[PDB]
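Chemist: One structure follows; several queries about it will come next.
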Amino acid sequence: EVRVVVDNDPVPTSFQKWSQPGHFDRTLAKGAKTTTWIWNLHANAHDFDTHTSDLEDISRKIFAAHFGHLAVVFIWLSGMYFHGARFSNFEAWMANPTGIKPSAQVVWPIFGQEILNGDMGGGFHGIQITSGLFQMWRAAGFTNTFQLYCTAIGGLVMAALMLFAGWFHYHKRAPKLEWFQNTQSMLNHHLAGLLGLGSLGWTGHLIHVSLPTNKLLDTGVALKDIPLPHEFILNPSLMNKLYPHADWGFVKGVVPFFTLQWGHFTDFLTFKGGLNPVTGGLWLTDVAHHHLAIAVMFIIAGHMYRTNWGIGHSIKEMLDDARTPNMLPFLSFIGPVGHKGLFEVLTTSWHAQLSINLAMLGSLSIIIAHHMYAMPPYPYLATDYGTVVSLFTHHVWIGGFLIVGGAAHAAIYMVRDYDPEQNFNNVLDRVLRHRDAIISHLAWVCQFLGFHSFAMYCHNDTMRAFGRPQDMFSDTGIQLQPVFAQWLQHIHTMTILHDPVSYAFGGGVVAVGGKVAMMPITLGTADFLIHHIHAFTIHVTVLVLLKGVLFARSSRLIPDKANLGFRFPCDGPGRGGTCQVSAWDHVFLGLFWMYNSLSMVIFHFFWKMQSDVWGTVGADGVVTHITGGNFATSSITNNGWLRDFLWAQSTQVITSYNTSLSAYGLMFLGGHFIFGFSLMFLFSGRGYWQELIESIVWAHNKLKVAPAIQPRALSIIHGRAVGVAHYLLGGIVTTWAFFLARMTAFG
Amino acid sequence: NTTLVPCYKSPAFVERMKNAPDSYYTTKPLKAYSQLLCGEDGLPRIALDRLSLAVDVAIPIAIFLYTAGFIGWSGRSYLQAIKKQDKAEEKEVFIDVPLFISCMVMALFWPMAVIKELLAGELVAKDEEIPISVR
Amino acid sequence: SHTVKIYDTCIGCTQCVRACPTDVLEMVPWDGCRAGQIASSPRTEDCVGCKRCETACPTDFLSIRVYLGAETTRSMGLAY
Amino acid sequence: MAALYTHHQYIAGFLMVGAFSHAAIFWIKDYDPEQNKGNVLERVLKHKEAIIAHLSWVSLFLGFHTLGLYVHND
Amino acid sequence: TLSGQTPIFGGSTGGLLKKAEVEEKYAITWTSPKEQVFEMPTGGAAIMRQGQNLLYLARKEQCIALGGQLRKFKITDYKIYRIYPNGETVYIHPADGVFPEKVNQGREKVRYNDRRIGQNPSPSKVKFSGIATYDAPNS
Amino acid sequence: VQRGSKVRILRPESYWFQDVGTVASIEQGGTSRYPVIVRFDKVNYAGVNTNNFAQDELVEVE
Amino acid sequence: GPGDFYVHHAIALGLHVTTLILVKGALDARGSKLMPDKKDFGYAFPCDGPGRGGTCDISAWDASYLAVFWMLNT
Amino acid sequence: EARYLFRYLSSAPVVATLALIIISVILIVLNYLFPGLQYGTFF
Ligand code: CLA
Ligand code: CLA
Ligand code: CLA
Ligand SMILES: CC1=C(C/C=C(\C)CCC[C@H](C)CCC[C@H](C)CCCC(C)C)C(=O)c2ccccc2C1=O
Ligand code: SF4
Ligand code: SF4
């Protein structure tokens with residue numbers, strides 16, 4: 010039975026525990042002896058699996074903390090709509106989305122920092138935003154700043170709604186454990202009720218607000234003549250000169266949908282498959298049709314799993330039937346148990362669920378980044394070159410942090426929530442029973458690719474210096490063509538309906554006005570060599586993270602590693618030395634390798650777009666790119682990455698003093714600080730530093746100013762966590778300040 | 025004595041006042057920099073002379089070093105207050121602000137309060153009461 | 002082949018013996034404690050060097066040391 | 372002229388790190404407090420937490436006002 | 021010597037290597053009143069039998085990490101052997117039959133210094149001598 | 002050196018060298034060689050504040 | 520000029536920190552409160568385990584080592 | 002109980018985050034004091 014059970018008032022509501030920090034752990038509540046109590050109070054505040062032991066009381070803390078998180082997104086989402094309401098040039102940008110630059114977030118007149126208020130066109134002085142908010146509100150049908158303001162008001166009352174529901178579901182009506190454990194019913198309402206009714210609600214907005222507004226904005230009605238979006242429903246004769254093949258009446262226009270004469274909708278539900286050549290984005294008839302085929306497919310697929318009416322699938326039976334009397338005979342190697350005892354894994358532990366939901370949301374956010382540049386979805390997005398790169402670079406970094414989190418909680422599951430009772434000889438036992446064959450062949454293909462992607466950049470670097478340009482892996486020397494990726498560019502242009542979907546594959550140059558939106562991205566030897574840099578760096582990022590998941594239980598070094606914990610520094614200087622043997626220090630080492638992997642994805646993007654896609658078109662048809670075919674000849678030596686990319690494209694962030702890009706020149710140099718500052722914590726150890734506090738504590742005990750919270754150096758784990766939190770901060774903000782000073786000096 | 029001419033007759037500083045914006049940052053703070061010594065590139069230097077900049081250099085000393093030893097003396101007299109109450113482990117996290125303000129207005133006259141503990145020998149702790157290492 | 006010496010500041014709380022992963026230490030009878038015990042290390046050839054007995058000793062400036070010396074095949078934990 | 376300045380300053384930085392590397396090997400391996408009783412070599416260890424507490428003030432002074440005076444000028 | 025039935029284990033990869041055939045190899049031996057499942061020190065999970073069990077491990081830290089696991093299954097009767105490749109089975113844990121946590125008599129104060137730890141001699145006392153500073157026969 | 006008295010430490014190898022501590026218990030057996038257990042108000046290094054001491058390395062302050 | 524005032528305080532910051540690491544390496548080569556028997560362990564040892572908070576880089580070799588990063592920097 | 006609320010607002014991160022908004026008086030002493038105030042230009 011799939012009934013609802015709650016608990017009436019389980020937790021009191023008082024400020025008595027706010028006066029006692031560290032109440033959740035028993036060793037933190039007994040007092041603050043040293044300053045390690047300060048740091049342990051924040052490293053354990055959200056470890057809800059160590060505050061209590063029962064999954065009924067843990068899962069109420071999980072459910073009530075999502076509500077307080079959703080009430081934090083709604084504060085930030087009401088700050089993007091409020092800044093577009095009061096502190097922006099959204100009026101001047103909507104009239105002319107080519108000459109006027111998108112800007113919110115004006116700067117106060119103090120400390121001489123009003124030099125950052127550069128000229129945005131039309132007498133507006135502010136900071137050129139690269140978040141794509143202006144190109145997104147135009148696609149939603151926003152026309153005046155009153156509609157942006159009462160979205161920001163409507164989100165603040167949606168933040169107080171989501172914040173009241175976290176107090177209500179922890180202090181008044183907290184659910185029970187058998188309400189959280191019916192994950193078949195949860196998948197019915199998230200597929201159909203959330204992803205199906207969300208893309209059914211949005212395709213009703215598109216054809217009633219976005220499709221009328223973006224039709225009249227292409228005729229240039231100049232924001233007096235355009236109607237407010239309720240006047241396309243209250244006045245249905247107004248949407249009849251647009252889209253005349255339908256009827257557009259309250260009851261008279263819907264009946265082509267029920268009588269299945271869907272040819273009445275074929276003018277505003279198209280399958281054109283291309284870019285709008287006036288704006289640059291996709292057709293909003295093509296997008297509104299897309300959400301209708303998504304809402305059908307999701308509401309259908311939300312009736313797959315069995316709730317209390319008998320009919321439906323059950324994941325408990327589908328998982329337990331994949332044993333090996335019934336498999337395909339070439340993948341019948343996975344156990345006579347199969348993966349019985351695996352529905353008990355993803356229901357009785359939240360870390361097992363978090364490791365899949367982070368690696369899927371991480372890999373989704375990189376698929377999203379690869380699609381919003383090749384199929385640009387918003388009007389005037391693709392020609393705002395500062396927005397195209399800052400949305401690819403954003404969701405690649407966001408979607409790569411979540412991958413490392415998907416491999417952190419796949420290691421907290423093994424140390425804490427793994428049970429050898431329910432996992433005997435199933436599909437997870439059999440992986441730990443051969444984990445020196447997974448890691449041996451992973452550490453070979455990381456080694457095979459490191460020689461065949463990086464040492465081919467050292468072969469080209471030596472032939473170019475020798476004066477032998479015919480001996481190196483060029484398009485002019487020893488050609489390495491992407492034979493299987495030049496062929497898929499041939500398939501996706503020979504299967505066109539009549540318009541060539543995704544001009545990145547081939548055919549046509551979308552050059553909507555001034556600058557060029559999309560062009561074919563051809564692939565040569567410089568694209569063969571750089572896709573194997575990506576294949577190499579992804580595999581070592583996997584090898585570091587997979588070694589921390591398989592060897593989180595035990596090893597040949599420390600066979601009792603799951604008793605030392607997940608987050609422990611070492612097991613002493615024995616066995617030669619066993620520092621960073623934990624599963625935490627493979628998340629820590631996979632964060633540098635996520636960094637090195639994703640910083641070359643955003644450098645391959647930023648240079649291939651400038652040299653082979655972006656640029657300006659004249660009055661003949663030839664395109665002069667931003668760097669001018671530079672990736673084909675000089676991105677094959679990593680002296681060419683040093684000279685033609687890092688040195689030659691940072692002339693906009695170096696010479697950005699006394700101008701309006703002045704903060705990008707400071708964040709560039711403030712970024713190099715935090716990277717070099719990170720190396721104090723990474724390279725040194727805490728026994729130097731604890732033995733240095735003791736000589737400084739002495740100078741306070743001498744002058745009688747010693748504290749009773751006794752000053753201790755940071756932990757071994759805490760000293761490694763702040764050495765990677767600074768490397769991955771000052772290494773990102775120096776790339777953020779270079780990607781944006783280069784592209785907001787052009788546009 | 026040096027080549028640091030004042031910014032009144034420096035021939036490279038008057039161009040910084042010739043072509044300039046107005047708002048609040050390059051008009052009134054620029055004519056107040058005119059009595060400052062500046063080199064051959066029109067940038068107001070900070071030299072140390074005998075009497076012409078005797079108190080002109082001693083205002084940033086005496087203004088800072090008072091409220092350097094005002095933060096330090098109210099932090100020292102607060103840590104000594106909460107250790108005679110025998111509750112210093114818990115009063116350092118939860119700051120007892122009626123006492124920290126009381127130990128702040130006792131530090132407003134700290135130069136005539138430090139030397140009342142130097143001659144009384146109570147500023148420093150004696151070497152046989154301070155924890156050390158094996159030396 | 003490390004060197005696990007044991008000094009007379011012991012209190013016989015047996016905590017180093019429970020923390021040893023290789024059974025190097027063991028409790029022998031003594032006269033200078035209330036437990037009447039002191040640790041001894043007869044199987045110091047099995048000392049893996051990991052100093053886990055040193056983190057468990059509660060006497061200040063602990064009564065047991067591991068002096069990391071000439072390492073061998075069983076003092077380095079090599080299963081290959 | 373440029374490669375001979377940078378040569379002899381990196382040699383002189385290495386030779387001064389090694390002048391203090393063998394100070395540390397002298398204290399460990401070659402010093403006994405019984406023979407050096409009451410002399411000038413025991414008096415340094417008698418207050419060695421006042422030299423390290425004052426080298427760490429000059430270090431803390433010269434970096435709060437040299438980095439801070441650059442990134443004010445920056 | 022040693023005997024017993026091996027637990028139901030479907031083979032692993034973290035098991036014995038060429039060191040176990042050539043240098044030394046360890047064997048833990050316990051008995052179980054139940055058909056329960058335990059975690060292997062070589063990765064995975066195995067079902068121990070109901071009679072005398074016998075499991076060959078590669079080093080001594082794997083046996084006592086397993087011996088510390090059986091003590092949580094309320095099985096405190098395990099014997100650890102050490103098998104040289106010529107067949108010589110010595111018996112090493114627990115040596116006297118009694119566990120090393122609780123005290124027995126006849127055992128010796130071996131590797132014991134009769135001083136405080138802080139009054140070890142300086143390394144200039146033992147200069148160009150065979151002994152180390154922690155051997156130090158004075159006190 | 003009685004129970005409850007404040008005492009200073011003359012053990013150079015210890016953490017609490019020249020630190021005032023409160024005596025917790027003294028052993029009356031006479032064969033344990035570290036009878037007096039003194040409790041300190043600051044922990045040493047992630048751990049204890051009590052330690053067994055001798056009587057020749059302890060100087061009382063009151 | 521004033522560009523030379525500022526670098527001589529970076530040079531002075533450089534010579535004082537790399538003296539601080541080397542003097543603390545030489546004077547705490549006998550031992551301090553984190554481990555009072557550094558002489559019994561030699562010059563170059565890794566650590567003394569994760570006990571007492573953790574003692575990475577505690578030796579006098581590992582303070583003649585962090586001051587090569589400061590010698591090369593200065 | 003609102004008598005344990007201000008016993009939480011007197012804790013360490015609260016009074017040392019209001020020890021930075023009270024050091025927004027360097028914002029007001031550099032707003033109307035024609036912000037440029039060098040080391041010789043104030044008395
Ligand atoms: C950046 C700092 C710096 C600079 C500018 C120099 C500059 C110089 N060095 Mg060098 N050197 C340095 C640091 C530096 N040194 C340090 C820290 C060491 C100690 C390891 C050395 C040790 C050294 C030696 C032994 C020699 C020099 C020599 C020279 C001179 C000729 C080389 C040349 O043309 O420039 C080129 C650019 C360079 C960076 C020079 C690199 C020379 C390396 C450091 C030699 C190191 C030897 C190596 C460790 C052993 C290799 C043995 C085997 C594998 C073959 C030149 C003036 C040569 C000389 O004395 O002229 C007659 C010479 O014999 N130096
Ligand atoms: C640029 C510096 C650098 C280099 C060259 C490497 C190289 C390597 N890393 Mg490393 N790493 C680095 C920085 C570097 N890393 C940093 C800064 C971190 C900090 C977090 C790490 C952390 C890290 C981890 C955690 C791991 C590695 C691994 C590896 C190995 C990958 C296997 C491979 O690619 O085979 C190819 C070899 C190369 C790419 C090296 C260049 C080869 C040259 C060009 C050819 C040499 C020519 C010839 C043979 C020279 C001989 C001449 C003769 C006179 C001697 C590889 C040797 C992974 C591993 O173990 O792999 C199994 C591993 O897991 N690294
Ligand atoms: C007159 C000069 C002099 C002399 C006689 C010594 C003598 C000694 N030193 Mg020493 N030292 C010196 C200067 C000197 N040092 C300087 C200038 C420094 C600062 C860097 C040091 C820092 C230092 C440390 C930290 C230690 C010593 C140690 C020692 C003792 C043993 C040496 C050893 O380990 O074996 C032989 C040494 C080697 C075989 C060298 C190893 C490899 C080095 C790093 C060369 C690498 C260069 C590289 C390969 C070239 C690049 C090739 C090309 C690609 C460019 C020995 C008595 C050790 C000791 O006393 O132990 C108790 C010890 O720990 N020294
Ligand atoms: C520098 C460093 C330290 C020392 C780090 C310290 C001491 C942290 C510094 C944080 C300071 C102490 C912040 C404290 C701020 C105070 C609360 C004062 C603020 C009060 C005002 C706001 C009123 C380590 O402990 C360490 C450990 C392991 C590897 C590397 C390192 C390492 O590199
Ligand atoms: S070394 Fe530790 S466990 Fe052993 S007797 Fe001494 S205090 Fe007890
Ligand atoms: S080093 Fe390891 S095996 Fe040896 S006595 Fe210490 S804890 Fe036991």
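Protein chains in written order, with the authors' numbering: chain A, 10 to 505, 538 to 788; chain B, 25 to 159; chain C, 2 to 81; chain D, 372 to 445; chain E, 21 to 159; chain F, 2 to 63; chain G, 520 to 593; chain H, 2 to 44. Built from N, CA and C at the ideal position, the CB exists for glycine as well.
For A/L598, does the three-state DSSP call read helix, strand or coil?
Modeler: If you number the first sequence from 1, residue 598 of chain A lands on position 557. If DSSP states are grouped into helix, strand and coil, A/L598 belongs with coil.
Chemist: Which residues of the region 549-568 of chain G have a Cβ closer than 8 Å to any Cβ of chain B? Give them in chain order.
Modeler: Result list: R549, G550, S551, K552 and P555.
Chemist: Check whether the region 538-550 of chain G and the region 725-737 of chain A touch, using three or more Cβ-Cβ pairs below 8 Å as the test.
Modeler: Result yes; three or more Cβ-Cβ pairs closer than 8 Å.
Chemist: Run through chain D and tell me which residues come within less than 9 Å of G/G544, C-beta to C-beta.
Modeler: To locate residue 544 of chain G, count along the seventh sequence from 1; it is residue 25. Those within 9 Å of G/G544 in chain D are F391, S392, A394 and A395.
Chemist: Please tell me whether D/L431 has its Cβ less than 8 Å away from any Cβ of chain B.
Modeler: The count along the fourth sequence starts at 1 and reaches residue 431 of chain D at position 60. Taking Cβ atoms only, chain B never reaches closer than 8 Å to D/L431, which makes this a no.
Chemist: Could you pull the DSSP bridge partners for A/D16 from this structure?
Modeler: Against the first sequence, residue 16 of chain A aligns to sequence position 7. Per DSSP, A/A183.
Chemist: Determine, for C/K6, whether the minimum Cβ-Cβ distance to residues of chain E falls below 8 Å.
Modeler: Translated into positions along the third sequence, residue 6 of chain C becomes position 5. C/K6 counts as touching chain E.
Chemist: For a contact meaning CB atoms closer than 8 Å, what does B/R69 contact in chain D?
Modeler: Here residue 69 of chain B is taken as the residue at index 45 of the second sequence, counted from 1. Simply none; closest approach about 13 Å.
Chemist: Reducing DSSP to helix, strand and coil, say where A/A302 ends up.
Modeler: Within the first sequence, residue 302 of chain A is the residue found at index 293, counting from 1. Three-state result, A/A302: helix.
Chemist: Can you list the residues of chain B that H/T42 reaches, using a CB-CB cut of under 9 Å?
Modeler: Taking the eighth sequence and counting its residues from 1, the one referred to as residue 42 of chain H is at position 41. Result: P53, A56, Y57, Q59, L60 and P68.
Chemist: Below 7 Å, is the gap between the Cβ of A/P600 and the nearest heavy atom of ligand 6?
Modeler: In the first sequence, counting from the first residue as 1, residue 600 of chain A sits at position 559. The answer is no for A/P600.
Chemist: Does C/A40 come out as helix, strand or coil in the three-state DSSP assignment?
Modeler: For the purposes of this step, residue 40 of chain C is taken as the residue at position 39 of the third sequence. C/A40: strand per DSSP, three-state reduction.
Chemist: Please determine, among A/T471, A/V260 and A/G272, the residue with the shortest C-alpha to C-alpha distance to A/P253.
Modeler: Indexing the first sequence from 1 puts residue 253 of chain A at position 244. When only C-alpha atoms are compared, the closest one is A/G272.
Chemist: In the DSSP assignment, find the alpha helix (DSSP H) that holds A/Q137 and state where it starts and stops.
Modeler: The count along the first sequence starts at 1 and reaches residue 137 of chain A at position 128. Looking at the DSSP string, A/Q137 is not in any alpha helix (DSSP H); the run it does join, the beta strand (DSSP E), is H134 to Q137.
Chemist: Please confirm whether E/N140 has its beta-carbon closer than 8 Å to some beta-carbon of chain G.
Modeler: Looking up residue 140 of chain E in the fifth sequence gives position 120. Output row for E/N140: interface = yes.
Chemist: Just checking: is the beta-carbon of C/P43 within a distance shorter than 8 Å of some beta-carbon in chain F?
Modeler: By 1-based counting over the third sequence, the position of residue 43 of chain C is 42. Not closer than 8 Å to any Cβ of chain F, the Cβ of C/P43 fails to qualify, so no.
Chemist: How long is the line joining the alpha carbons of H/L21 and A/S676, rounded to whole angstroms?
Modeler: The count along the eighth sequence starts at 1 and reaches residue 21 of chain H at position 20. The count along the first sequence starts at 1 and reaches residue 676 of chain A at position 635. Going from the Cα of H/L21 to the Cα of A/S676 covers about 48 Å.
Chemist: Give me every residue whose Cβ sits closer than 7 Å to any heavy atom of ligand 1, in chain order.
Modeler: Ordered along the chain, the selected set is D/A374, D/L375, D/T377, D/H378, D/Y381, D/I382 and D/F385.
Chemist: Look at the Cβ atom of A/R594, then the Cβ atom of A/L683, and state whether they are nearer than 8 Å.
Modeler: Residue numbering aside, residue 594 of chain A sits at position 553 when the first sequence is read from its first letter. Residue numbering aside, residue 683 of chain A sits at position 642 when the first sequence is read from its first letter. Contact: no.
Chemist: Straight-line CA distance for A/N469 to A/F672?
Modeler: Against the first sequence, residue 469 of chain A aligns to sequence position 460. Against the first sequence, residue 672 of chain A aligns to sequence position 631. Approximately 14 Å, taken between the alpha carbons.
Chemist: Determine contact between the region 310-327 of chain A and the region 411-425 of chain A, defined as no fewer than three beta-carbon pairs at a distance below 8 Å.
Modeler: Judged by Cβ distances under 8 Å, the region 310-327 of chain A makes no contact with the region 411-425 of chain A, as fewer than three pairs qualify.
Chemist: On the DSSP letters alone, give me the boundaries of the beta strand (DSSP E) that E/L75 sits inside.
Modeler: Within the fifth sequence, the letter at position 55 stands for residue 75 of chain E. It spans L75 to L77 - the beta strand (DSSP E) in which E/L75 sits, taken as one unbroken run.
Chemist: Of the residues that make up the region 739-750 of chain A, which ones have a beta carbon closer than 7 Å to any beta carbon in chain D?
Modeler: The region 739-750 of chain A vs chain D, Cβ under 7 Å: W739 and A740.
Chemist: Measure the Cβ-Cβ separation of E/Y101 and E/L22 and say whether it is below 8 Å.
Modeler: The residue given as residue 101 of chain E occupies position 81 in the fifth sequence. The residue given as residue 22 of chain E occupies position 2 in the fifth sequence. Yes. Within cutoff.
Chemist: Taking the alpha carbon of A/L220 as the reference point, which residue from A/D227, A/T294, A/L411 and A/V166 has its own alpha carbon closest?
Modeler: The sequence position of residue 220 of chain A within the first sequence is 211, counting from 1. Minimum Cα distance to A/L220 is reached at A/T294.
Chemist: Distance cutoff 8 Å, beta carbons only. Does residue 366 of chain D sit that close to anything in chain A?
Modeler: In the structure as shown, chain D starts at 372 and stops at 445, and residue 366 of chain D therefore has no counterpart that could be examined.
Chemist: Do three or more CB pairs link the region 56-76 of chain C to the region 591-609 of chain A at distances below 8 Å?
Modeler: These segments do not touch.
Chemist: Taking G/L585 as part of the alpha helix (DSSP H), name the residues at either end of that continuous run.
Modeler: As a position in the seventh sequence, residue 585 of chain G is number 66, starting the count at 1. From DSSP, the alpha helix (DSSP H) with G/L585 extends over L585 to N592.
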